[PDB]
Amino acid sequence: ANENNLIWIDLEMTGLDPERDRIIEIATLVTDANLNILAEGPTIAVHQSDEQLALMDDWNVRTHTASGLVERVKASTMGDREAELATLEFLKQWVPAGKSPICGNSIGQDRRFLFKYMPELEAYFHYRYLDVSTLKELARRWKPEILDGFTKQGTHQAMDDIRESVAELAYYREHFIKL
């Protein structure tokens, strides 16, 4: 465990509202300060009732069935707490509690779900945010040319998504950041 390591996380949910929707997939990984992936955390399909899944709208049904997540959710024997604990067991081996900001894309949305369903995991992060989307939004406005250089697949698969976020930040470090 090193206080300089960063915790990256991505979730998939049944919808956008924490009050009615639930977490259906979680993936985490740890990188050093230079974005080298040191280890992949568990990729867990979080079990939720069929009733909950039946509430998903068209976009969510199309998206989460195409990735095969829905089937994994129904067969999952790990609910929110079990997934939270498994993730914490992993993180404790690489990063001390309260040291790493939450790293990801449009990460504020994921954090809302962490606050409501996985508060212990949420508390493991430092207050700070490290949202890669900031660079994309700035480039979109100040240097659009580099936008076509990196393409997001938009498959909404937790582990592929978070690894993609790390690769995206690395891309901007080279093409948008002046070291």
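The first residue of the sequence shown is number 1, and the count goes up from there.
In this entry, 82-90 has the higher mean Cα B-factor, the comparison being between 101-109 and 82-90.
Stretch comparison (128-136 versus 44-52) by mean CA B-factor in the PDB entry places 44-52 on top. Taking the PDB entry at face value, the top CA B factor among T28, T31, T63, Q153 belongs to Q153. When the modelled residues of the chain are ordered by C-alpha B-factor, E122 sits in the lowest third. When all modelled residues of the chain are sorted by CA temperature factor, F176 is found within the highest third. Compared with the other modelled residues of the chain, the Cα B-factor recorded for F115 ranks in the lowest third. Among all modelled residues in this chain, the alpha-carbon of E164 has a temperature factor (C-alpha) in the lowest third.
Sort the chain's modelled residues by C-alpha temperature factor and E19 lands in the highest third, per the entry.
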